[PDB]
Each structure stands twice: as C-alpha cells, then as structure tokens.
Amino acid sequence: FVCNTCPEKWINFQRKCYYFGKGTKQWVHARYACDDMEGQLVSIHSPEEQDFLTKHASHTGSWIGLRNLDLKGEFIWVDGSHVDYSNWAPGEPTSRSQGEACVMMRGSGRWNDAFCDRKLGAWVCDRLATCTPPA
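When we follow the entry's author numbering, the leftmost residue of the sequence shown carries the number 158, and every step to the right adds one.
In structure tokens:
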C-alpha cells in the first residue's frame, strides 16, 4: 500500500495531494474552485502538515478549508472534520468578533479569521493521493 501519486500540477505530502492555486477569489469562490478540481479547500491536522503548507504558502495570504459554520461559534473544516490541530495567530479567533467567519493562512503559516467576502490572491486545495497497484 503505497499512496503518493498526485495529478498534474499537484504536490504530494504523505498520503495527500495539494494544489496551491492563484487568482483573486472570495472564500466561497475558492471553495467552488477546489470542488471543481475534484478536491476541496485544504484541511490541516498536524504540525507536520502545517510545516509543508507553510513552505509552499503564498506571502500575500491564502484561503483554507476552515470556517465558523453557520456563525454558530464553532470552526469546522469543509470536509466535516473537527478542529484538533490549530495554528492560530496570537489572539485569534477571539479578537475577531465583528463578523469574520472564514479562515485564511498568512505567509508565516499562521491562521487568521477573515470576512468571507475578502478577495485573496491565493487558495489551497487537497485530495487523497492515489496508490500504485501490487506490481
């Protein structure tokens, strides 16, 4: 069981593929853009995964798959999974009480809560890597 094959223009890390996309998008349109590529906005679940993303991240910032779902107060990844790993900037997301709901990744890799209608130049998609057959 060796799964590290990724489509063209995707970078592998462990058992996932990652797409570092470009072009100005609001969070909801970045979300559609990943769905359109048979993926989804990235979910982050370890220090190791964050390291990898931080290395390939855009300095101008980028959308990730975490949002304050239906403004209920709890942050959930687009794939349905809960927050275990977190890499918040200092004070975040408590200092964000003016209606910020969508989470972006800075150049430093740190997460900050943003207004969902903010237009960012970058956004990250993920998906499972495919495996080479028992050959």
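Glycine included, every Cβ here is placed at the ideal spot set by N, Cα and C.
Per DSSP, the beta-bridge partners of residue 197 are 283.
Nearest neighbour of residue 223 by Cα position, chosen from 183, 200, 162, 254, turns out to be 200. Using a 10 angstroms sphere on the CB of residue 210, the tally of other CB atoms reaches 16 or more, which defines it as buried. In the same chain as residue 182, and ignoring 5 residues on each side of it, the C-beta atoms closer than 8 Å to its own belong to 190, 220, 276, 277, 280, in chain order. When rounded, the separation of the alpha-carbon atoms in residue 175 and residue 282 is 6 Å. Residue 170 and residue 177 have their C-alpha atoms some 13 Å from each other. Between residue 270 and residue 250, the C-beta spacing is below 8 Å. Nearest neighbour of residue 262 by Cα position, chosen from 173, 198, 158, 165, turns out to be 198. Here DSSP, grouped into helix, strand and coil, assigns residue 211 to helix.
For residue 272, DSSP assigns no beta-bridge partner whatsoever.
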